[PDB]
């Protein structure tokens, strides 16, 4: 089966959403330093090194530890954590619950809001009954850390880590239960300290991976890219593309339609070592080539550039075929 069908015009012209934020892909973000990603990311040999299925549903862990500071539970910041490896009900991997975001935790004390955190809506729930603790509904920052619960530090390696959650605003009444469940919707927003947008999120040094995860490195002038979508932010929930407060981008390593396709069929014989599968992206006034490596990462021939490539004027996606990764991908925009 040829990889050609993985990338069609609708995937990049409005229909395809990225595999981290589930947002509508509108840009290609070059990463000249390279990056890694495993969560909800598949390769051409039918494998993922992450812990999530290719879908956005919810994040569910039955046996964490919930806590809050002080002697009064009223209007506190709710905390929750579990150890990496303790998501033993997850058939993909037991590292973390299916859908838990692959981002290092941004610690915060309050009342200020953390910058560049993955934030989702949810609650603590009763491990024995499944009933949500209705006084704990809030927006929570989720991420990977060490040192929980008292001395939190970010980490980008799942080995020895903890999956932590902390409400960014006060809950009605906090809970201190162990065990305690966490339930959070899997489609997130980006936390910001003010109404202003921040840089694209996550930056490469924030992405959490499992041991064995291959990194994407540049090949000549061919540079790994992420797929950019306009993602809501906590500082200004009404802002979209072109906001006077700035446009907020969230990035993913793959379009989810590609991830799904890679999870359904094996493409191991499609490419020889050193090759990309190439598609041509044709715009109103030019074109570019995009390449897919056997590790599942996409590339553009943009060299050292960090400028976002706008897909607003993209007209068509057409397959080219396997090409040597040593050849510069055409960039005629």
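Numbering follows the first chain given and starts at 1.
- Mean CA B-factor, 180-188 versus 143-151: the higher value falls on 143-151.
- When the C-alpha B-factors of 133-141 and 102-110 are averaged, 102-110 comes out higher.
- When the C-alpha B-factors of 53, 36, 307, 48 are read from the PDB record, the largest value belongs to 307.
- Sorting 259, 158, 72, 203 by the CA temperature factor given in the entry leaves 72 at the top.
- Among the modelled residues of the chain, residue 57 sits in the middle third by CA temperature factor in this PDB entry.
- Ranked by Cα temperature factor within the chain, residue 82 sits in the lowest third according to the deposited record.
- Placement of the Cα temperature factor of residue 238 within the chain: highest third of the modelled residues, per the deposited record.
- For residue 280, the recorded CA B-factor ranks within the middle third of the chain. Only modelled residues enter the ranking.
- When all modelled residues of the chain are sorted by CA temperature factor, residue 214 is found within the middle third.
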